[PDB]
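> structure for the following, please:
(chains A and B)
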Amino acid sequence: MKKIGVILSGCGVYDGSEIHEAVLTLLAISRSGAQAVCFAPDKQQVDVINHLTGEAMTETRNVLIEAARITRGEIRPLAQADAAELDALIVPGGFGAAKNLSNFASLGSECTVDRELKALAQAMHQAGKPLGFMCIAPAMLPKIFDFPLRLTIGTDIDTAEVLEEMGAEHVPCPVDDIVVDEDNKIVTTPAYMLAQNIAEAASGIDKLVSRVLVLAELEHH
Amino acid sequence: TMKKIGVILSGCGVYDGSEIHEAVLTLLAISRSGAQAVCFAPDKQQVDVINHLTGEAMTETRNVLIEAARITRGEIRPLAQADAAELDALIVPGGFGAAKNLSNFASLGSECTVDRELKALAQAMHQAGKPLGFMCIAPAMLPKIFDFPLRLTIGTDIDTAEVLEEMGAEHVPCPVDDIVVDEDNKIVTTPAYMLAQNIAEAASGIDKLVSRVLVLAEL
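Numbers count the residues shown, from 1 in each chain, chains lettered A, B, ... in the order given. Pasting the structure now:
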């Protein structure tokens, strides 16, 4: 069984990890016979959004604490994630990827990625382990690596601009397909960036996980 | 295909409300099967708020509807607004919230009471021949929603099955990957994380459940 690191950033689209994307990722890892190993930074969320309204709430919530709901408690602090013990890494989407794993939501092209996440990501790439980012998560790639990468965030021209202006070759991509930077073993997929329903999102996420897993083995060599 | 399937959520997380895996997996099957999910949650304060990492209760409040909305990306409505006439079927994912917020089975066990609206909706549905699907611990409410005996499951846990039979129900032992159907009352049930060891297993049964509810939904 191969260990696939999964980085969560909260529990819900606006606040943290996109619940559909996260659960769909976990399902694929599981159907593909791999073992998911979930992590989340142990820190306070940037904000807490009422998912019914869209308005911010005057309360606090911890990223790790909340992410734990998605994993039924089977989750650990991002700090404890050791690249040597993981065969791959997947980062589901959700605005939390842009607020808690980085501040891309605020500084855009001038954003900063989470220390640990960046470190882990690099250690993985530096060891030839595959990486999978989806939805808005790919926006961090240009900040995690200095060299150009082939990635996607779907077809949104505006976001793709910001990514290319960050030193990245953006490749337009449909909901049901993925993009791979063969050389750096980095797979990405449009999730709810383009998805209209959960079935669509599952479509691409499955392809992403299968490819990350393929790249993971073939590297186990 | 396009048929409205009511989905009742009770919060966002195993201990606090709806089992996130079960809920999302239910939604995925409804969607892959070409049906349309219509989610509801009672607009009320959760019985408790549990730290899912620890297991301990938190000194804070959270609203069932507000939180359930996270699972549906905001596409959710108050349970009160659910009209049986507009739904072709009804599915109730598991999670302890089904035992705390949709009923108090977690406390009163055999002496529990189901949520007014949920019970009303559930009966209206059955009374109109619409199929019902309950999973994980959710089936424990059936004996309290209906007075007549029903064939259902909560898996294989002898202890819980006892409590259910002692509530006037014919419990049928069932594996993670299979479901049980009360042909006559069009009620399908499946052990989810009651027996599931991983999400794939859980998906296995939930898919069968949704497919059967959808099939029965064809009248």
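> how about the residues of chain A by chain B?
When proximity is defined as C-beta under 8 Å from any C-beta of the partner chain, chain A approaches chain B at A:11-13, A:15, A:19-20, A:23-24, A:26-27, A:30-31, A:50-52, A:54, A:59, A:64-66, A:68-73, A:75, A:192, A:197-199, A:202. No exception for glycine: its C-beta is placed from N, CA and C like everyone else's.
> go ahead and confirm residue A:55 touches residue A:49.
Yes. Counting by C-beta atoms under 8 Å, residue A:55 touches residue A:49, with 7.1 Å between them.
> mind listing what the residue of chain A positioned farthest from its centre touches?
What lies farthest from the middle of chain A is residue A:58; by C-alpha atoms, centre = their mean that is 27.0 Å. Applying C-beta atoms under 8 Å, 6 or more residues apart in numbering or on different chains, we find residue A:58 in contact with no residue.
> and what about it, helix, strand or coil?
Following DSSP: H, G, I helix; E, B strand; the rest coil, residue A:58 is assigned to coil.
> need the residues that contact the longest helix seen in chain A.
In chain A, taking DSSP state H as the definition, the longest helix is helix A:198-216. Contacts to helix A:198-216, defined as C-beta under 8 Å, 6+ apart, come from residues A:2, A:4, A:20-21, A:24-25, A:27-29, A:32, A:34, A:87-88, A:90, A:129-132, A:134, A:174-178, A:180, A:185, A:187-192, A:194-195, B:24, B:27-28, B:31-32.
> and those, which of them are buried?
Listed as buried from the contacts of helix A:198-216 are A:2, A:4, A:20-21, A:24-25, A:27-29, A:32, A:34, A:87-88, A:90, A:129-132, A:134, A:175-176, A:178, A:180, A:185, A:187-192, A:194-195, B:24, B:27-28, B:31-32; burial here means 16 or more other C-beta atoms under 10 Å in any protein chain shown.
> wait, residue A:150 sits on residue A:179?
Yes. Residue A:150 is in contact with residue A:179 according to C-beta under 8 Å; the separation is 6.0 Å.
> what do those two both touch?
By C-beta under 8 Å, 6+ apart, the residues touching both residue A:150 and residue A:179 are residue A:171.
> can you pull up the most central residue in chain A?
Nearest to chain A centroid, counting by C-alpha atoms, centre = their mean: residue A:91, 2.0 Å.
> ok, what's across the strand from that residue?
Note on residue A:91: beta-bridge partners by DSSP bridges are residue A:133.
> tell me who's in contact with it.
Residue A:91 neighbours (C-beta under 8 Å, 6+ apart): A:6-7, A:97, A:101, A:117, A:131-134, A:137, A:140.
> secondary structure for those residues - can I get that in CSV?
Shown next, in CSV, are the contacts of residue A:91 (three-state DSSP):
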residue, secondary structure
A:6, strand
A:7, strand
A:97, helix
A:101, coil
A:117, helix
A:131, strand
A:132, strand
A:133, strand
A:134, strand
A:137, helix
A:140, helix
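> ok, residue A:6 to chain B distance?
From residue A:6 across to chain B, the span is 12 Å (C-beta to the nearest C-beta, to the nearest Å).
> wait, that residue sits on residue A:29?
Yes. With contact defined as C-beta under 8 Å, residue A:6 reaches residue A:29; the gap is 7.3 Å.
> now do the shared contacts for the two.
With C-beta under 8 Å, 6+ apart, residue A:6 and residue A:29 have common neighbours A:36, A:90.
> quick one, helices of chain A?
Assigned by DSSP H, chain A shows helices spanning A:19-31, A:63-70, A:104-107, A:115-125, A:141-144, A:157-164, A:198-216.
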